[PDB]
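In the form solved without the ligand, a lone chain appears below as structure tokens.
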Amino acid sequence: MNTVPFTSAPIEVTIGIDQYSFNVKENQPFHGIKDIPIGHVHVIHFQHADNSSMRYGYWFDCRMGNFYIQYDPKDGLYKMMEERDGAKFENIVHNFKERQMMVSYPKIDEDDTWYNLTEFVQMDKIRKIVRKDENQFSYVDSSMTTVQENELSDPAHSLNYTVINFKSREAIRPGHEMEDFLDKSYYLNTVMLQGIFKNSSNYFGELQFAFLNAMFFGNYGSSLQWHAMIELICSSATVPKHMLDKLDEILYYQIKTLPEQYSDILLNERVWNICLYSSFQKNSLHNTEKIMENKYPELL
């Protein structure tokens, strides 16, 4: 179990760690988060008490280095940094743990929620969507736009999700216009899966990463990407049976975890009604349809 120490907490802030969150008061004696489960990516995220504008945070994997947080009073935010000196880091953490200045990642043993939300998310793929190669961890915030959003403005700060556009030459074979527009299997299986993602695991990892950025930061282009990747599968008549079954599980845990009071903004009525009730795969998402119906029947 690994640790993300904090130098200090100089400004009052709500701190998120994965699906958990806690409030730290201004100059409260807080020095980080311990007992973070190894084997998954994680996200630590921030919303300042004084300015709820800009949720921001860092995707990281503790196996890839020793990371800590330190507030920067010039740029006004909590920054993740890597500590290259292994013994210094261990010594700092042990002191903070002895003085019990760290909260404990509060993972219930029965609870597979985080695993289920990040099953296919890899740091190496995150770092290609979020391009900042000098760091081993990836910064995301509320306001970052996607490559697709920028086409329709700073490239260094973009989310490089895979562009999906149903009315594009990539999506539509010359001479198969009606076929390919009404049944997106070509675009899903040949262009996207075989061509770009190489396999369903990479496709699902991006889908899960887009959802998590939508949920934790309110990142609108991430929400668009999540819905587009769902819709591309649901709108394909020919989808491997294992992908459909896994998709149902993936979405189930995403809908289960969504705050009840954010559903209005995070969920696209048209996509969901189409996917559950009108699409080729209308009958292939049993778990997701049951939780959606029992938890968000108004959207439908």
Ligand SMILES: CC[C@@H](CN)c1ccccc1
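All residue numbers are counted from 1 along the displayed sequence.
The same protein has a further form, the form deposited with the ligand bound, not shown here; the description that follows concerns it.
When the ligand is considered in the entry with it bound, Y68 lines it closely, a heavy atom lying within 4.5 Å.
When contacts are judged by a 4.5 Å heavy atom cut-off, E83 counts as touching the ligand in the entry with it bound. Heavy atoms of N2 never reach within 4.5 Å of the ligand in the entry with it bound, leaving it off the interface. Contact annotation for 1-26: residues with any non-hydrogen atom within 4.5 angstroms of the ligand in the entry with it bound are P5, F6, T7, listed in sequence order.
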